[PDB]
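Notes follow once the structure below has been shown.
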Amino acid sequence: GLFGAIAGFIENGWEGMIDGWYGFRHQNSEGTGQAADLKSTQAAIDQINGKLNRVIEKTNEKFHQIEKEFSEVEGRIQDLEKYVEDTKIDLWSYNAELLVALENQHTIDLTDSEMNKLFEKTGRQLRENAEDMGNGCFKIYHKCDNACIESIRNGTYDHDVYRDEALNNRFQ
Amino acid sequence: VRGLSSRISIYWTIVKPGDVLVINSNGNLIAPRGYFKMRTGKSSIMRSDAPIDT
Ligand SMILES: *[C@@H]1O[C@H](CO)[C@@H](O)[C@H](O)[C@H]1NC(C)=O
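Quick mapping for you: the protein sequence lines, in order, are chains B and A.
The opening position of the first sequence corresponds to residue 1 in PDB author numbering, with each subsequent residue numbered one higher.
The opening position of the second sequence corresponds to residue 223 in PDB author numbering, with each subsequent residue numbered one higher.
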């Protein structure tokens with residue numbers, strides 16, 4: 001995808017993440033764990049439901065039209081009727097092919113995008129207290145227990161609390 | 223066809239409000255008995271052998 005997160009710096013997806021589309025896995029002094037990120041999951045889901053509802057909206061209603069099958073050869077007028085219908089069908093068939101191609105490229109890129117946005121936001125919370133290991137993981141340079149991990153996950157992490165400890169571990 | 227070598231050919235004429243129909247013939251007329259009321263709307267016709275369900 002355009003953002004290089006999914007099937008990118010994130011090497012693969014997690015079959016074991018069964019309660020969300022995006023999330024976190026951690027290891028700390030109290031063990032390891034996993035949690036879905038609700039906001040990113042719902043952002044992707046909301047966009048996909050948006051485009052789906054735009055696509056499946058409002059079939060056209062048509063009533064009396066032209067005949068499209070014929071039991072006798074007639075020449076010119078039938079030729080024209082059949083050509084009009086064939087022409088219409090080829091145009092709609094093209095529209096259908098193109099529509100799904102564009103939508104699907106865009107769906108892959110928007111989900112890749114949501115993954116990348118979550119990664120960037122987390123990095124930004126961590127400030128100088130963590131480093132990007134390049135595989136979608138952050139090495140956090142201070143003791144970070146379950147409540148600390150949860151503060152990162154819920155967006156209330158306070159980097160200043162940990163900054164002295166982290167810098168000492170990173171640079172000295 | 224059904225015993226017959228002769229035929230009838232069918233024609234039609236639409237008459238608008240305020241207009242008038244005149245029929246003039248000295249033989250061979252298969253006459254109308256009246257008229258069908260014309261409507262506009264969503265009606266159509268389809269050829270199908272599919273059964274009709276509820
Ligand atoms: C975020 O996590 C911390 C630590 O678990 C908790 O004290 C706090 O209630 C959470 N904040 C929100 C907004 O849920």
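Note that CB positions come from ideal geometry on N, CA and C, so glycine has one too.
Going by beta carbon distance, what residues of the same chain come within less than 8 Å of residue i, once the five residues before and after it are set aside?
i: B:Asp37; result: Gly20, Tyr22, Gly23, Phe24, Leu118, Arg153
i: B:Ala44; result: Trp21, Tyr22, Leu110, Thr111, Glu114
i: A:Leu251; result: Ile245
i: B:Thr32; result: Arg25, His26
i: B:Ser151; result: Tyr157, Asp158
i: B:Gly8; result: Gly1, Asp112
Within 10 angstroms of its Cβ, does residue i collect 16 or more other Cβ (buried), or is it exposed?
i: A:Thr262; result: exposed
i: B:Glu114; result: buried
i: B:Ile56; result: exposed
i: B:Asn49; result: exposed
i: B:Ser40; result: buried
i: B:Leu126; result: buried
i: B:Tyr157; result: buried
i: B:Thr87; result: exposed
i: B:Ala101; result: exposed
Using beta carbons (cut-off 8 Å, strictly below), is residue i in contact with chain B?
i: A:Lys238; result: no
i: A:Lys264; result: yes
Straight-line CA distance for residue i to residue j?
i: B:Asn146; j: B:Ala35; result: 12 Å
i: B:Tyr162; j: B:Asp46; result: 35 Å
i: B:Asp160; j: B:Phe138; result: 17 Å
i: A:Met260; j: B:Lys51; result: 44 Å
i: A:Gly256; j: B:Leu99; result: 54 Å
i: B:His142; j: B:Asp132; result: 15 Å
i: B:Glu11; j: B:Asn135; result: 7 Å
i: A:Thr276; j: B:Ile66; result: 28 Å
i: B:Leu91; j: A:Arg229; result: 45 Å
i: A:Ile236; j: A:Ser247; result: 19 Å
i: B:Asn60; j: B:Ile108; result: 29 Å
i: A:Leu226; j: A:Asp271; result: 30 Å
i: A:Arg224; j: B:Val73; result: 26 Å
i: A:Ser265; j: B:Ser71; result: 23 Å
i: A:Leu243; j: B:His64; result: 28 Å
i: A:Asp241; j: B:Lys62; result: 32 Å
i: B:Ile89; j: A:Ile267; result: 21 Å
i: B:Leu167; j: B:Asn53; result: 49 Å
i: B:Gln42; j: B:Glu81; result: 49 Å
i: B:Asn169; j: B:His106; result: 42 Å
Please check if any C-beta of chain A sits within less than 8 Å of the C-beta of residue i.
i: B:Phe63; result: yes
In chain order, what residues of the same chain lie with their CB nearer than 6 Å to the CB of residue i, ignoring the 5 residues before and after it?
i: B:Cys144; result: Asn28
i: B:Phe3; result: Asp112, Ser113, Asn116
i: B:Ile140; result: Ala130
CB-CB under 7 Å to residue i, same chain, minus the five flanking residues each way: which ones, in chain order?
i: A:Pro254; result: none
i: B:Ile6; result: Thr111, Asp112, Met115
i: residue 198 of chain A; result: Within the shown structure, residues of chain A are numbered from 223 to 276, placing residue 198 of chain A beyond reach of any answer.
i: B:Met17; result: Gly23, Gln34, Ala36
Which residues neighbour ligand 1 when neighbourhood means a C-beta less than 6 Å away from any of its non-hydrogen atoms? List them by chain order. The set, ordered by position in the chain, is B:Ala147, B:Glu150, B:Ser151, B:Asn154, B:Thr156.
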